[PDB]
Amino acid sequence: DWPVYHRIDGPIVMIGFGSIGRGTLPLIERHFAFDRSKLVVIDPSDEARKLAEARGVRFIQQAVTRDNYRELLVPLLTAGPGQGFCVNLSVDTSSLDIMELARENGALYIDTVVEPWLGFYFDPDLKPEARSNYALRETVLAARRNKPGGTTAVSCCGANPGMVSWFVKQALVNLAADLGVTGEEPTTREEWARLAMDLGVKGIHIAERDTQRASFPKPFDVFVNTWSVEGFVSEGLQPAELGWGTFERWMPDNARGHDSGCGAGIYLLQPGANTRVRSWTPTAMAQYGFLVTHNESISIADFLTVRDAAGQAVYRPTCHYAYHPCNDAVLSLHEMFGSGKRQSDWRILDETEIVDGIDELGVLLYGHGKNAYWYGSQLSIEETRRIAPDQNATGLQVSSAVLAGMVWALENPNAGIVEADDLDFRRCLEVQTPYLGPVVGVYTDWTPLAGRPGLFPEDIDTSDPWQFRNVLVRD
């Protein structure tokens, strides 16, 4: 039957029971051993309560707030007998504060985003940099520096951020192998970074194309997506952000750097979900992606940084999201930005509504000798329905990643605060791959300068096709 990877010897506290929580619960029940009364879900939504009740799980209908999270979570996470697991799959809660709470009390932790307490994302009195994922991530890195070691807490371990970090490692190994480069795999951050440098990887797109669609057309004045609408709009309205490669010779006028932190990123003074980049996936071939800020855009570029003895970065790949969401979400963005306000209503397409499609999600490594290499999942809604309940393909890539992170955390429970880039990528993918559908590596000769210049003057660098100058849409 299904593998049972581990016994959880304590409370399992799932915060949030939206599209991801709903998809993750069945995997937790499937793959871990524990008494049913150990698991409890926390979510303020009536919709969520009704679904939870239907699934026969304990449910606390409460919003976790700055004011109550200590009083609520400390007792639940320390119920016993042994180590509990905080599975944080929420919006509007502080990943940092909850993470630190769990660690203080010896509870394992995992989430899929560095979320802030409600009132951050759309605070007009915060400058764009202060609303950046770069900034949010730095609070986690600072927490790690302040308290090294201790109980394992896994930050940003969903599909992307999360799984894609493992894909990058696998892709690097595949590229090397395809070039006839043999020998031991890297085992340290420094060795991974040097592998990327040595193979001449100039940059990386998180290259995604979601082709899922419903039996009904997009309703007017309704934002439609295959996962969190609130979450997508939140990051969509954050500044465009990207890990910034050492090979880049140009940046936009409204690009800005950071005075502090790991040094791996820049941001643009414009919303990422209204910023387009030229990208590519196997099924989409050439496409527009949206340059939506994402944790991995920074974490991957940071991870793969090579520094000299003075500590100056000598190599680093460009890294960023190039997101083509489902067609109804594309229309939803057009509608939202076109009106200058969020729609009156929203909905997440679920399994019962989606007629066909895949969530093609992978990493596009470019600039090396074989030009460009896409590695990732082509999971279809059809396969999803066969192998996991209560979610679509988008949800399953995420929930299975949380599963992998949980297994890893349980197996490595004294590793301290860790990112997806810190995990054993082979073990994680071993656990996750049964839920990822086709996992393939594809080379292409496409570049951002394909068919260019066109009928109008363009600001392009023909000496280096993958320069951000050629990727960013400026029309």
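In case it trips you up, residue 1 is the first one in the sequence shown, and so on.
- Set 67-75 against 270-278 and average the Cα temperature factors; 67-75 ends up higher.
- Mean CA temperature factor is higher for 119-127 when stretches 119-127 and 102-110 are set side by side in the entry.
- Of the candidates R137, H205, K202, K147, the PDB record gives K147 the highest C-alpha temperature factor.
- The PDB entry assigns the greatest CA B-factor among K169, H324, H334, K341 to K341.
- Ranked against the other modelled residues of its chain, the C-alpha B-factor of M14 as given in the entry falls in the lowest third.
- Among the modelled residues of its chain, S260 has a C-alpha B-factor that falls in the highest third, as given in the PDB entry.
- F34: CA B factor lies in the highest third for its chain, per the PDB record.
- Looking at the C-alpha B-factors along this chain, the one for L25 belongs to the middle third.
- Among the modelled residues of the chain, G180 sits in the highest third by CA temperature factor in this PDB entry.
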